[PDB]
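>>> No sequence on hand, only this structure:
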């Protein structure tokens, strides 16, 4: 159960524009993408916790 | 490891302007800054949990 829960957390957006990081640097300039990607980093660190 | 991990999480912004509360105030109006301070509260209570 722990692995299926952990892997399914990668679908979450965490109020980001996209759940795929490459889809963020493709859409926005690098300065704007960092403040969007940061939500994916924090949300997925909490998933590991 | 539990002490330094807990203290390092005080650096985080949790999608606020800054990690310092006194920086959230003196930059923003009170009712707006109140919403920003709440972001630090949830992030740091989760760190304690």
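Received it, and whenever you're ready, just let me know what you need. Numbering: from 1, shown residues only, chains lettered A, B, ... in the order given.
>>> what about residue A:36, distance to residue A:18?
Here residue A:36 is placed at a distance of 8 Å from residue A:18 (Cβ to Cβ, to the nearest Å). Any C-beta I mention is one placed from the backbone N, CA and C, and that applies to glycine too.
>>> how many other residues sit next to the residue in chain A that chain B sits nearest to?
As assessed by Cβ to the nearest Cβ, chain B sits closest to residue A:39 within chain A, at 6.9 Å. For residue A:39, the tally of surrounding residues (other Cβ atoms under 10 Å in any protein chain shown) stands at 16.
>>> got the buried residues for the helix or strand harbouring it?
Element membership of residue A:39 [criterion: DSSP states H and E] is helix A:30-48. Neighbour counts over helix A:30-48 (16 or more other Cβ atoms under 10 Å in any protein chain shown) mark A:33, A:36, A:37, A:39, A:40, A:43 as buried.
>>> tell me what it is packed against?
helix A:22-27 (3 or more Cβ pairs under 8 Å, 6 or more residues apart in numbering or on different chains; DSSP states H and E).
>>> which secondary structure elements does the helix it packs on contact?
Where contact means 3+ Cβ pairs under 8 Å, 6+ apart, helix A:22-27 is packed against helix A:30-48.
>>> contacts for the helix it packs on?
Outside of helix A:30-48, the residues within contact range by Cβ atoms under 8 Å, 6 or more residues apart in numbering or on different chains are A:6, A:9-10, A:12, A:14-17, A:19, A:21, A:24-25, A:27-28, B:12, B:14-15, B:46.
>>> PyMOL command to pick out the buried ones of the residues you listed?
To isolate the buried subset of the contacts of helix A:30-48 in PyMOL, counting by 16+ other Cβ under 10 Å, use the following:
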select buried, (chain A and resi 14+16+17+24) or (chain B and resi 12+14)
